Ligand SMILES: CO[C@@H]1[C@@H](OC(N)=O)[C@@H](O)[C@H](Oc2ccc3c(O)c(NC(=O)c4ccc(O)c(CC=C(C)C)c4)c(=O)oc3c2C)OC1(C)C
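Just the one chain here, laid out as structure tokens, in the form deposited without the ligand.
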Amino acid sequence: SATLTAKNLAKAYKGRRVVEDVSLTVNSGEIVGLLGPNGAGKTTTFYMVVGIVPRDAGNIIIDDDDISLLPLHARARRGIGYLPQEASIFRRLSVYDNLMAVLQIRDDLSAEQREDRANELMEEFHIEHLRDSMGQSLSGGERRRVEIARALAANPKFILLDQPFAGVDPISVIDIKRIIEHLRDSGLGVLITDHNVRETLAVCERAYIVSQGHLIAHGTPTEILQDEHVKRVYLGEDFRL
């Protein structure tokens, strides 16, 4: 029953406070959403949890252990993983090599197990037919599947998915949701942000809504979708699920 908690995170860039105050929690076995308008601070919040950027204030805690001082690699070894929003594939490496590149980092895997895991990931994500294709040759949706698989290959306890559905077709969204639910069933805590509101809320048990660097709402999917404030500020007053 691990718990990942962020308290009162803040970030400024060149005097502009882009994250004012964001707190959130994700438990093992739980899928949690972070949603909101563009420029609201979602990726910056993920960056601060993962350790990609230093926070200007706030705390990152796993269980009753403040890890705010741990560098990126140490937080990764404590169980935090991140799927970047931006392209993260190795352009010149094949799909197989891209997955092996991450599996090589796994102290908890033998050489034989790494090869097995690579082949399993390719089947689960339906990219076996692209085994030898270079990353730069993949379409956007194909690349995204590889990038999600790479993030899972790290075997995180808490996985932060930054826009896993971007550029993905509807059937592949269903496949990825099913994979996400299997991670949840397996004990992972999942923190997901995406602008496909319907499909993200369908897979979330609860979600935080941020706007202009601050939280404006938190609740179950239906509580969010019927929140008239969220409709006005984020979903649009005429939003239909």
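Residues carry their position along the shown sequence, with the first being 1.
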item: Stretch with the higher entry mean CA B-factor, where the candidates are 97-105 and 165-173; value: 97-105
item: Residue range whose averaged C-alpha B-factor is higher in the record, 181-189 or 207-215; value: 181-189
item: Top residue by Cα temperature factor, when 31, 62, 50, 34 are compared in the entry; value: 62
item: B-factor third for the C-alpha atom of residue 144 within its chain; value: lowest
item: CA B-factor placement of residue 225, once the chain's modelled residues are sorted into thirds; value: highest
item: Chain thirds of CA B-factor: placement of residue 195; value: middle
item: Modelled-residue ranking by C-alpha temperature factor, third containing residue 16; value: highest
item: Chain-wide C-alpha B factor ranking for residue 83, given as lowest, middle or highest third; value: lowest
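Note that the form deposited with the ligand bound isn't included here; everything after this is about it.
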item: Residue 123: touches the ligand in the bound PDB entry, heavy atom cutoff 4.5 angstroms; value: no
item: Partner proximity in the bound PDB entry: residue 102 to the ligand, non-hydrogen atom cutoff 4.5 Å; value: yes
item: is_contact(residue 94, the ligand) in the bound PDB entry, heavy atom dist at most 4.5 Å; value: no
item: Exercise: residue 86 in contact with the ligand in the bound PDB entry, heavy atom 4.5 Å; value: yes
item: The single option of 131, 106, 157, 73 touching the ligand in the bound PDB entry, heavy atom within 4.5 Å; value: 73
